[PDB]
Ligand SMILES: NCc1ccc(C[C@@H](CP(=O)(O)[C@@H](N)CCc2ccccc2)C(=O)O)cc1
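Before any questions on how it binds or moves, here is one chain, the form deposited without the ligand, in structure tokens.
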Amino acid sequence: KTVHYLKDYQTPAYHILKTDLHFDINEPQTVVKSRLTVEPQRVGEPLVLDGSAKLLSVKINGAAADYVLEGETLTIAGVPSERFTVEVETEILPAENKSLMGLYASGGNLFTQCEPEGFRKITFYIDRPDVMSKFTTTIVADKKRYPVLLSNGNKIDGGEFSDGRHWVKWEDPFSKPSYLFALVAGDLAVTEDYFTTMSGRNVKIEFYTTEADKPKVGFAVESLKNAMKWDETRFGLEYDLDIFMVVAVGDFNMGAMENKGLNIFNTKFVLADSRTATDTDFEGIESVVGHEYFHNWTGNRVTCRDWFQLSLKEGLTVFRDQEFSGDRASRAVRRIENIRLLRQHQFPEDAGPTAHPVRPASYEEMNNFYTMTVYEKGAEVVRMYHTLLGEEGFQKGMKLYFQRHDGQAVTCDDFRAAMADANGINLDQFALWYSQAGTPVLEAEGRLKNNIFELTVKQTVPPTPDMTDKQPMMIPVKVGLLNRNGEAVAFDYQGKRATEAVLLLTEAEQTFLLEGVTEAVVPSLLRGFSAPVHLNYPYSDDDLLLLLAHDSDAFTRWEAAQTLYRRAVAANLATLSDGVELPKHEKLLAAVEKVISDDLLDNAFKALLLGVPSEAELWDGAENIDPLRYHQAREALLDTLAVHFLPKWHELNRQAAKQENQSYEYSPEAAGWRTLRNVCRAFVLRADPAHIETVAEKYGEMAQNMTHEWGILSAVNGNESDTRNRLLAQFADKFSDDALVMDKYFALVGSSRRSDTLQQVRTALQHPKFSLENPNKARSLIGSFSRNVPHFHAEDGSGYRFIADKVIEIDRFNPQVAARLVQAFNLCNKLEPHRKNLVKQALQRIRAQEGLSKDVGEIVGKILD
């Protein structure tokens, strides 16, 4: 079983200077011919090409090569000592490609996905990102069937043939790794716009969609134009071609893809209108359109040496996309959402069997490393450079990075060195953020003696499956102090008098002296979530209420609420387990009443303060978990809050509706009110499930956009009324023609806490609009069921069996989807014995499948072995 190790990296023996491709598209086969111009680096080594397409011929300088093909590699032993050409002819059946990697069909059109190692499914090549070549691509096809023929770069020639066929030739002048190749052939509608760069050069913008989806592309176009302007104003980065194309595709494994000048997007991240897309969907488009555009510099112009460096482009591009969205609107709310995402999804990963460093030391299947750790913790790591260095110094680091490395394939170490060198600071210890897996745990204690607040802080990082030794890391802790009435208190550190400071923890244990303090204080700690850590400080319930009411930092106010909810859930667990009455939660209820009633709180921030941590956050750190017990305790808390404040939930909803003021289109302002409104609806329908018939009666009047339909349907989705079933059926009939709205129906089916979800999910498998072979559908229905705690973790094992059956079925055509699904079982070692036994059986049965993919195999072994 091949494992790839970062320690074994060696530069390539061969470079590829020029890559000329010819695609001859027919029914059913596409024949690909290449001409590669190959430059020896280590003369006399065998030429080894990666590839898995059907091989029809290979030549070296025009003569039939003597070669051997074994597995997915082709080797030619007798190669010239100087420049030579290699010609390879392959044949592909793209309508049989259900993996959606390489060249594949979708909606009668043809698309590619090459990142990370898809290009070798098209031709034989040196398919690694430190090999950068200049591509020119010729495409020939039936004109009526394939009128749009695209590939990267500039379109330099084209023509017609008498038999109905036409051709185009695309030249991309920038050297690139093979993972950034793209090709599209299809009958697609175009939407045209343009942007004029800071140097006065127009860039033609073209979005390609189906003819029916074209009216939903306008928000994405405007978001691209905003991202282009923003890279220029914030980073001083300008686009480098006079054309930028984006192509939407309904069958796609991930969100989008930054192929140079020809980005390919999942429909879900480009199409929206207010009738069919929620405000969250719009925000997603804005983030992801920016994200892919930001890759032009952070990924394309500067690339990755090897796949272990994935976070070099993804952490930094996520950071860029986060900063773009925060500059657009609602910076603090958006930051909290990001933190919440990290703690809900990335913390469990770092605590579990598949935990890995931001820059892994080894992998079996690289597709398994497109993770919350590489992306979201990666962005947190980039952000720490910003926190340490300031915006100006961070920009000096970026400028040096591009001066040094424009045109190169580089490492996380190079980025770190650029940050360090541009600012004249030593960041050697900072490398541990790349190499050390696990969430650091800070233990802190504070004392005000004399007029010094002495904050003592210890750090530790647990062993993870790859590594036991974890040394002290460089951790910035941003702090403030509140007095007895919650106003800010100034303090001295280090020779500066201010109301905030970044305390830099670099050792196992340190004491920080905040001097010149004249009042009794409670510290505010880890402001802005200044490092991706767990922090334990002994706070009283009154201290948490003070922080929530009065602290000036969003994160720490929201963390205080989160802590109160968590403590209440813990209290419920205790009573439920003793068979006694539920706690009163008198202080939490009083804090919540304050939030509800506070009219100076931003609407969307208010909604976050009223969100209860998820079950996985609640069982973080526990052993012998019974997921249903945590679910029960959380549900009891939500029911308490729903019922206790029912009339005030109705009132808040009404104030929010009045303020929304019939502005149903997307804007950050209107969205905030809708978000609050949807929190109220959830609570109302908890407390008074009968209110569903009153909703049903006025449904048309309430259904003024998808944010409202989604919010209502979400609110009632766990209701045992038949009316919940009728509303869902009517939703599926109304939007039957919109694939992205059908994804939403399937998600409601899969996520319901009603007792009869498993059978409704089984029926939905056979819905005319469901397709197991479509990643958006599979994820919506099955993926949602796998995260549906009461159903997935049912005591009878029915959930585990179902999900294991679908890993097995899906893995037969799409290992990437199946390997993402099988991670539903990651909690295995931490479950109570009865459920653990059943999960282990499910995983052994997956492992016993003949021909199980490497992708799913790798994850099952981490869990089981």
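Numbering starts at 1 and follows the sequence shown.
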item: Of 299 to 307 and 639 to 647, the stretch whose C-alpha atoms average the higher B-factor in the entry; value: 639 to 647
item: Average Cα temperature factor in the PDB entry - higher stretch of 280 to 288, 478 to 486; value: 478 to 486
item: Given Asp421, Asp231, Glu222, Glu709, the residue at which the Cα B factor reaches its maximum; value: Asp421
item: Largest Cα B-factor, entry values, listed residues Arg359, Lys744, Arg557, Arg681; value: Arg557
item: Modelled-residue ranking by C-alpha temperature factor, third containing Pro538; value: highest
item: Entry-reported Cα temperature factor of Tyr9, expressed as the chain third it lands in; value: highest
item: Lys54 CA temperature factor, ranked by third within the chain; value: middle
item: Chain-relative CA temperature factor third for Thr757; value: lowest
item: Within-chain third of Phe512 by Cα B-factor, per the entry; value: highest
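We do not show the form deposited with the ligand bound, though everything after this point is about it.
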item	value
Binding-site state, shown form vs the ligand in the deposited bound form, superposed, 3 or more atoms under 2.4 Å of backbone or C-beta	open
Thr518 within 4.5 Å of the ligand in the deposited bound form, heavy atoms	no
Any non-hydrogen atom of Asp242 within 4.5 angstroms of the ligand in the deposited bound form	yes
Touches the ligand in the deposited bound form: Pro462 (any heavy atom, 4.5 Å)	no
Contact label in the deposited bound form: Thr575 to the ligand, heavy atom within 4.5 Å	no
In the deposited bound form, segment of 198 to 206, 161 to 169, 649 to 657, 695 to 703 with a heavy atom within 4.5 Å of the ligand	198 to 206
Option touching the ligand, based on a heavy atom within 4.5 Å in the deposited bound form, out of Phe792, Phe731, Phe770, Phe174	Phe174
Answer option from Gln344, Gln395, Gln510, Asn154, heavy atom within 4.5 Å of the ligand in the deposited bound form	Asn154
